[PDB]
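All chains are named by letter (A, B, ...) in the order of the sequence lines, taking the proteins before the strands, and each is independently numbered beginning at 1. In each ligand, atom 1 is the first atom listed, and ligand 1 is the first ligand listed.
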Amino acid sequence: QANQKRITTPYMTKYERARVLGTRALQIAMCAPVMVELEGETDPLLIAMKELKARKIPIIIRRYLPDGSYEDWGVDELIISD
Amino acid sequence: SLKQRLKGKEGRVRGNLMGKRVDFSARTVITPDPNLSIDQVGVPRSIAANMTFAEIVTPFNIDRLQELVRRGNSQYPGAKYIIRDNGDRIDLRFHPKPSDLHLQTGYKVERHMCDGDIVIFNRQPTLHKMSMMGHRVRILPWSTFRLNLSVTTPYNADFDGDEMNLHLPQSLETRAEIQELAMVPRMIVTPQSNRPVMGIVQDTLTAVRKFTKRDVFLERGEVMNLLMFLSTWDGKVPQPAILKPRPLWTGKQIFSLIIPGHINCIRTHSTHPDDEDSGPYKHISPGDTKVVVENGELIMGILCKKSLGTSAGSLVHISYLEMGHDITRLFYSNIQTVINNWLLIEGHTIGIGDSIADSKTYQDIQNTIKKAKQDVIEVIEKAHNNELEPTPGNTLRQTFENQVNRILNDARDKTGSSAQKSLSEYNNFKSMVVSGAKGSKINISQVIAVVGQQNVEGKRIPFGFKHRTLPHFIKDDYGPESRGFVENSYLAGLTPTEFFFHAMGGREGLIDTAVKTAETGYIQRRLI
Amino acid sequence: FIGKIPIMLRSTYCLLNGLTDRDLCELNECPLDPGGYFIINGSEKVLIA
Amino acid sequence: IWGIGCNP
Amino acid sequence: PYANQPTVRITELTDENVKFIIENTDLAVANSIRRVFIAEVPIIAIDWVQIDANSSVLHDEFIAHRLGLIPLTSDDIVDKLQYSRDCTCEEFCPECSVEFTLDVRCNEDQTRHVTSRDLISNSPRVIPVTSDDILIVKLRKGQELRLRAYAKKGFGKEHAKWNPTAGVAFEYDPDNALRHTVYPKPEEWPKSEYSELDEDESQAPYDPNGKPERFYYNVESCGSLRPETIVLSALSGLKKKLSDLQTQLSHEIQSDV
Amino acid sequence: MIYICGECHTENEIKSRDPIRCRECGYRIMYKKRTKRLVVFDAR
Amino acid sequence: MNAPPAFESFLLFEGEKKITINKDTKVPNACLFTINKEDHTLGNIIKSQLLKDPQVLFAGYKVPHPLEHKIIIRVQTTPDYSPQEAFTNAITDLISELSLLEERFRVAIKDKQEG
Amino acid sequence: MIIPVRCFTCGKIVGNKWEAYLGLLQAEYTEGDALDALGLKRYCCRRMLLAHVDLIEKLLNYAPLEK
Amino acid sequence: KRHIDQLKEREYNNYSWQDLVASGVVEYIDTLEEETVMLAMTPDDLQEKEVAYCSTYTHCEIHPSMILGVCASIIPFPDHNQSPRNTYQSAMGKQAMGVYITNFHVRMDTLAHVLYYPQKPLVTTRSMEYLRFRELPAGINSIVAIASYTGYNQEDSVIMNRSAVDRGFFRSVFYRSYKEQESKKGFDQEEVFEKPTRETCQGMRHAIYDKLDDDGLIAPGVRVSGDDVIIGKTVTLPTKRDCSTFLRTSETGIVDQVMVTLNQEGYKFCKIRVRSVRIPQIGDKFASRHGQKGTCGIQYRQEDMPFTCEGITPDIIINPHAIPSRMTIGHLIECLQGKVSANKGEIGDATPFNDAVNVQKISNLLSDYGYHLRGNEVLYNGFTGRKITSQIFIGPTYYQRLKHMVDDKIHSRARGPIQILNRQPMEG
Amino acid sequence: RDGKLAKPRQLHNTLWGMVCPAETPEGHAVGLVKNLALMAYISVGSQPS
RNA sequence: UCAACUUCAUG
Ligand SMILES: CO[C@@H]1[C@H](O)[C@H](n2cnc3c(=O)nc(N)[nH]c32)O[C@H]1COP(=O)(O)OP(=O)(O)OP(=O)(O)O
Ligand SMILES: [Mg+2]
Ligand SMILES: [Zn+2]
Ligand SMILES: [Zn+2]
Ligand SMILES: [Zn+2]
């Protein structure tokens with residue numbers, strides 16, 4: 001939905017964090033460009049965690065409300081659970 | 001028939017679709033390992049060599065993966081297969097394949113399981129979600145899965161022939177999901193009862209109780225040796241509690257370095273006098289009971305299952321709720337390591353001398369038993385003379401049985417209390433019961449004083465023979481010995497009739513367990 | 001001849017019956033073996049009461 | 001094996 | 001800041017036993033000397049067996065096990081012999097090993113007790129401590145055992161077959177004065193053989209400034225090495241381990257510089 | 001190969017596709033007899 | 001089948017260093033010596049001799065895992081002293097003590113015999 | 001099956017002492033006195049001879065496979 | 001006394017149990033008659049005149065301990081253990097490794113475990129004599145310390161001495177026998193034992209067929225590693241199909257016996273027995289005679305194990321935490337009685353209801369031999385040499401090696417064989 | 001074994017001296033499989049004539 | 001290198 005009228009929680013849920021980190025890791029392992037400057041990190045999951053901490057993962061989560069509507073929350077917009 | 005193929009357990013719907021046999025799974029016996037962390041699990045080399053994880057060849061890992069490919073399936077840290085972009089699986093086990101050893105970005109090297117891999121660990125039955133938890137792999141010699149002892153309680157696992165299943169995630173996405181949703185440090189506190197699932201257990205619990213007593217004083221070398229096993233140590237030796245005449249630290253002073261951050265907790269030891277809180281010495285507590293942790297420092301107290309165990313408000317629970325799950329993982333591991341080395345120093349044992357009581361104690365137990373048997377005889381005589389009158393809601397038979405049971409239970413309790421008074425500070429039965437590591441005061445009492453009444457189906461031993469319990473007893477004997485009361489202790493040794501009656505009670509318990517499993521399983525399936 | 005009845009070992013109709021331990025050793029049979037089982041298709045089967 | 005109120 | 005000077009007094013010396021006392025030494029040094037007695041004194045024992053014919057009741061690897069556990073005289077040449085890994089020659093040679101042979105057949109009716117005496121060594125200095133005998137197997141008539149074995153130098157850390165000693169008795173503070181062991185009821189406890197206390201006094205008075213010293217050892221030989229030379233070899237081997245450690249440490253310090 | 005007899009303990013040589021019956025005793029249980037190649041056992 | 005070979009307990013595999021020295025950043029003038037293929041025999045001896053030294057502020061040893069074969073010795077010394085020097089001096093002192101023990105044990109042997 | 005070489009706990013050779021033990025038992029010596037005469041002192045070594053069951057004699061009754 | 005004296009002279013007196021029955025001294029009573037009979041457990045305690053409970057005893061038990069069966073009769077001091085623990089010990093004693101029969105060499109039985117050095121118990125029940133437990137024992141007496149040493153005995157596991165294990169302690173042999181029958185089903189289709197040929201036989205495997213002899217059967221004395229070809233059988237194909245038998249994976253044994261016979265049908269039948277010597281590992285399962293078992297947590301060498309003043313290091317260290325909840329006091333009494341018996345030279349009597357063997361009497365006997373009354377001993381820590389502050393309970397206890405071993409249970413799967421119907425990974 | 005009734009499995013008083021109280025399998029067959037006591041004998045049968 | 005069935009063991 002629009003930036004206004006977003007009713008879902010601003011905090012990123014544990015499941016969203018898990019799936020975002022896994023997806024970003026798989027992309028990084030598939031030669032995807034890395035947003036953050038890795039400090040000698042060669043593990044895709046560690047690089048994904050580092051990007052999540054810096055809020056530079058280029059993914060927007062589409063949360064489906066039970067009525068069928070959807071809200072698009074950017075990973076940057078969401079507050080990191082940890 | 002087609003219906004039978006699809007119908008029940010072992011049918012397609014339930015036996016092949018809802019659950020199914022899976023690849024990348026390993027089962028073996030579990031043995032303890034105090035040295036491993038909570039999340040670490042110990043994997044034999046053969047299990048790790050069979051199971052594989054596919055890693056996409058990237059520019060940053062191409063050299064390492066090509067080395068692994070060169071090693072091959074034979075050398076352990078190697079690769080079993082190379083999956084090309086087309087999907088063709090070059091096989092590294094069968095023949096050198098020198099032209100096909102080359103790796104380019106996009107290829108998938110099926111490397112062997114290595115240290116640091118995340119694996120799900122499971123024990124059957126998976127009653128709750130803590131029965132499947134994510135563990136970080138450490139490869140150790142020999143053929144058993146090795147897990148930390150704080151993790152035994154969630155799995156309901158003891159190392160007496162138990163086996164555990166291991167499932168290896170095969171994708172980075174599912175590996176991250178497992179790591180975040182199911183890692184062992186993240187599972188410490190259960191949502192079922194808002195209590196920690198794991199706590200200090202077995203040897204470490206008893207040794208913590210002993211370590212945190214006021215008496216424990218540690219010299220310089222022992223202090224250094226124990227600080228060697230504290231991973232979170234800042235490298236600074238605390239100033240000893242007793243500087244002169246000789247520098248001596250205290251067990252509490254060293255345990256204060258284990259407690260992370262600044263954690264505030266107040267608990268009470270199991271042997272806390274109820275009078276102390278009301279009366280004077282509230283904050284002095286002559287027995288060193290109570291437990292006060294201020295600013296992450298154990299100011300006073302002796303730790304037991306109430307402080308370091310699986311209960312709400314414990315030091316473990318407060319650490320999880322305040323410092324986080326990673327620091328709590330370190331907390332568990334450090335407790336186990338340094339307290340297990342101090343236990344190497346102090347030592348622990350169980351012997352016959354623990355079961356033996358004073359001669360006066362044995363005399364008092366015998367006198368209590370004699371008085372109880374005499375009171376039961378008096379009750380039986382009242383009933384025979386028809387003096388007894390039924391209790392409201394009960395028949396004369398039921399009220400007589402209740403009176404006799406009350407007399408016998410009160411005598412049993414009094415003998416147990418005498419036995420427990422007999423116990424010394426050095427007694428090791430008492431040590432394990434006080435720490436909460438194992439045993440109960442009931443067990444101590446049965447060991448030392450009186451095994452107690454043997455009851456089947458909620459009643460004393462029934463008249464299985466015609467109007468008598470065993471052929472050795474006369475007909476219509478309702479006295480304590482006839483109907484099952486065992487006055488001898490386990491140490492003393494049960495007499496033959498007491499032995500048979502004790503066997504009857506044990507058989508009832510075993511039948512209860514065996515029958516229970518299936519009904520509870522059906523209920524759980526229905527609820528889920 | 002109407003049939004063949006399996007013979008319980010060390011029973012009265014077994015060949016091992018009434019043989020001293022030396023004779024049992026000559027036949028490669030243990031003196032301590034209790035008997036009480038049948039050899040059917042080469043496997044020892046015990047009737048359970 | 002203890003009493004009527006305990007365990008068998 | 002320097003090592004203490006230890007003193008030794010030997011109380012008993014018999015072909016099977018050495019009872020001695022070491023004074024003015026640390027507990028760690030004493031315990032590690034005992035540890036080296038058990039595990040790090042080199043000895044000679046059979047580690048390669050090739051059984052040409054075994055018709056005995058015991059299977060081949062049972063026979064090999066029993067042969068390995070048989071002690072062999074290793075008094076002098078164990079220091080001369082090299083480890084098989086060190087020796088340049090492939091497999092085994094006179095410098096790295098000693099060859100034994102067993103060829104026994106029970107032709108007679110009476111049971112033949114194959115003993116360690118039947119093992120015949122190619123070098124006279126190593127013999128199976130025969131100079132009864134260890135029983136390898138009993139052979140019924142018509143049963144034969146033929147085998148060749150090679151005995152190599154090794155120490156008890158590899159395998160217990162290479163333990164040079166039977167029981168190392170180590171005691172310190174015979175009367176509990178450092179309170180390293182706290183007796184719940186001191187009187188019930190038997191006095192030590194080295195105890196100097198009167199019969200009335202169960203424990204010596206607590207010595208706050210005391211340190212474990214005056215360690216008492218009883219080293220029993222398995223017969224392969226003389227009990228004196230077990231102790232001498234242990235001291236020398238511990239010194240050699242420390243010297244190798246020092247050499248590697250010096251090399252790594254130089255590398256860091 | 002050469003098969004040792006179960007009962008009379010006399011080696012008899014039986015060709016392939018030949019009935020397993022020892023000459024001079026008739027016993028029908030033979031044993032294959034130990035191999036010529038030798039296996040090394042570590043005494044451990 | 002997963003049983004490690006016995007020689008692994010004391011034999012260095014190719015490319016393994018007997019001693020590796022890593023400084024400890026948490027504290028000034030501290031070091032951590034990792035000895036491979038060694039056990040409590042050497043560790044306890046060295047820790048005790050280091051404790052005897054007055055300029056050694058901390059000395060400890062640990063076996064990180066019983067199944068594996070390694071010894072970690074943390075040594076912290078006072079300023080104007082080096083932990084590496086303390087380790088070398090400990091080793092030399094232990095060597096001297098053992099040599100004196102050998103000489104006196106030989107003399108005791110020769111006197112118990114022959115009189 | 002046969003007397004073990006070396007006591008399990010300590011390693012003193014007990015394999016050479018079984019025939020002497022049996023002979024001393026035939027003489028008149030009680031089990032404890034025979035064990036003392038053989039020189040077995042620690043209860044670990046005395047367990048080896050005292051609890052040993054010699055099955056090799058029963059196994060030798062069966063005829064050898066090859067004669 | 002006349003009957004007992006004649007039975008005591010049983011042989012060369014031609015007096016037996018049947019003469020005892022014929023005299024009218026003993027009588028067989030079934031349950032229905034047991035309902036109508038007044039019994040005395042013991043003659044002296046019950047028949048003799050006292051405060052008169054019953055003066056109409058019609059029968060007397062020969063001995064109470066006979067109420068137990070074969071497996072529970074081996075339990076020493078069973079009246080001092082909790083009842084479920086005796087059931088557990090019955091179950092586990094059915095699983096202990098020993099010499100199962102003396103003719104084990106002749107028999108070719110699949111899955112036969114035989115122990116190297118079985119020992120008779122130092123603490124034994126009298127009824128064991130009639131179970132032939134002395135003749136064919138299962139288990140070894142072992143110096144056992146009940147102590148918490150390094151945490152590897154925690155829960156129910158057991159620390160073991162590696163040196164003792166290296167000297168023969170609980171070493172076993174596992175024999176696996178494989179049967180294969182050549183048979184002719186079709187008139188032109190037959191199975192023949194032969195060494196398969198790569199070209200002649202269509203079906204083959206990577207597995208080495210060289211070890212097969214000319215007849216197609218491995219000769220005894222040949223080491224066979226997992227997946228090698230024990231028996232080579234080829235079927236004529238109406239060129240040939242390979243039905244050769246292979247070793248069970250990870251068997252890793254040496255061939256013991258190869259027998260070639262003719263079955264009832266007249267076809268050639270071959271049985272091949274493989275020896276695998278199994279040394280105790282740190283997964284194998286060991287249990288006492290009192291219903292408490294455990295896997296080997298770790299193995300420490302004699303230098304590492306705690307030692308007494310005399311130099312004795314425990315063969316087995318069990319966690320103290322096992323004892324309290326299970327209340328198997330018979331274990332502690334058996335350690336004390338074993339210590340007394342081993343020092344005395346006798347064999348201890350652990351009959352269930354002796355009434356002449358108190359724990360106090362055993363303690364007083366142990367005091368005479370120079371040890372602590374209750375069996376505790378001052379142990380010295382193996383690693384540091386310092387005396388352990390808590391004196392530790394040590395004694396000779398009989399331990400059994402159960403058939404459950406880790407090598408048989410370890411398993412792993414990675415894209416292996418798959419079923420036809422479900423196309424899902426297989427089972428087993 | 002499927003029946004969960006805890007009546008047929010329990011150690012009856014009449015089992016004294018004739019079936020071992022301790023020795024029973026554990027699982028679905030607790031108390032349903034039993035073992036003879038050491039001195040127990042089972043009648044072989046006789047003619048009532 | 002099949003599948004059904006049974007029984008026996010392990011938690
Ligand atoms: C503690 O609970 C466990 C589990 O619940 C699991 N388990 C075991 N058998 C079954 C079964 O048939 N069916 C299902 N569903 N689960 C089962 O085993 C239970 C205990 O059994 P036990 O009581 O014998 O454990 P000891 O107390 O005996 O342990 P020692 O001292 O021997 O090591
Ligand atoms: Mg268990
Ligand atoms: Zn050479
Ligand atoms: Zn013949
Ligand atoms: Zn011994």
Side-chain angles (χ1 to χ4, degrees), chain E residues 16 38 44 47-48 69 77 80-99 122-123 150-153 160 163 165-169 218 220-222, chain F residues 2-14 19-31 33, chain H residues 3-17 35 38-52 63-67, chain I residues 117 119 122 140-143 161 163-164 167-169 259-262 302 305 307-308 310-315 339 342-343 394-396:
Chain E
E16 309 171 8
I38 302 180
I44 293 169
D47 202 19
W48 186 95
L69 293 175
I77 71 169
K80 302 163 54 183
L81 294 188
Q82 313 176 8
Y83 292 91
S84 62
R85 37 176 174 271
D86 306 343
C87 190
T88 59
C89 88
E90 197 183 4
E91 50 170 9
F92 302 100
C93 95
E95 289 189 351
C96 48
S97 69
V98 173
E99 185 186 7
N122 75 337
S123 62
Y150 276 93
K152 322 165 199 317
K153 180 187 180 174
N163 255 35
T165 180
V168 184
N218 171 280
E220 183 169 14
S221 174
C222 209
Chain F
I2 309 178
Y3 304 105
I4 318 173
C5 176
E7 182 176 351
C8 74
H9 315 300
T10 63
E11 306 177 0
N12 50 93
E13 305 181 3
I14 292 182
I20 305 158
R21 287 182 55 85
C22 185
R23 42 177 170 85
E24 291 290 334
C25 83
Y27 208 51
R28 297 177 181 265
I29 302 179
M30 299 294 109
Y31 295 97
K33 182 181 176 186
Chain H
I3 179 73
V5 193
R6 302 209 172 190
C7 159
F8 300 146
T9 293
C10 67
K12 174 192 293 184
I13 301 134
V14 86
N16 53 10
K17 293 174 175 56
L35 288 167
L38 298 185
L40 298 197
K41 185 191 72 65
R42 301 179 286 271
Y43 53 94
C44 68
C45 302
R46 302 165 71 89
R47 155 207 55 169
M48 286 286 109
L49 281 189
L50 194 64
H52 172 60
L65 201 64
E66 182 179 0
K67 70 181 185 182
Chain I
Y117 305 116
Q119 289 185 339
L122 292 181
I140 305 188
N141 292 266
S142 53
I143 313 300
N161 191 9
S163 295
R167 294 178 180 104
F169 186 62
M259 72 134 227
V260 203
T261 68
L262 302 174
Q302 182 188 345
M305 294 296 272
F307 58 100
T308 78
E310 300 182 351
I312 298 173
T313 54
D315 288 357
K339 207 168 186 175
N343 285 276
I394 301 196

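Centred on the Zn ion (ligand 3), the SG atom of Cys89(E) and the SG atom of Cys96(E) lie at an angle of 120°, reported to 10°. The SG atom of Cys10(H) and the SG atom of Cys7(H) meet at the Zn ion (ligand 5) at an angle of about 110°, given to 10°. Rounded to 10°, the angle formed at the Zn ion (ligand 4) by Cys5(F) SG and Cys25(F) SG is 100°. Angle SG (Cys45(H)) to the Zn ion (ligand 5) to SG (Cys44(H)): 110°, rounded to 10°.
The nearest N, O or S atom of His9(F) is not closer to the Zn ion (ligand 4) than 2.8 Å.
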Next item on the list: Check step by step if side chain to side chain contact (heavy atoms under 4.5 Å, CB included) holds for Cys8(F) and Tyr27(F).
Entry: CA-CA 8 Å; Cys8(F) 74; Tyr27(F) 208 51; over 6 Å; no
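Within the 3.5 Å criterion, the main-chain N or O of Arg6(H) finds no donor-acceptor partner in the side chain of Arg167(I).
For the pair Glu220(E) and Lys41(H), the salt-bridge criterion is not met [side-chain N within less than 4.0 Å of a carboxylate O]. Between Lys153(E) and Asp86(E), none of the side-chain N atoms (NZ, or NE/NH1/NH2) sits under 4.0 Å from a carboxylate O, so this pair counts as no salt bridge.
Residues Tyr3(F) and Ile20(F) are not in side-chain contact: their nearest non-hydrogen atoms beyond the backbone lie 4.5 Å or more apart.
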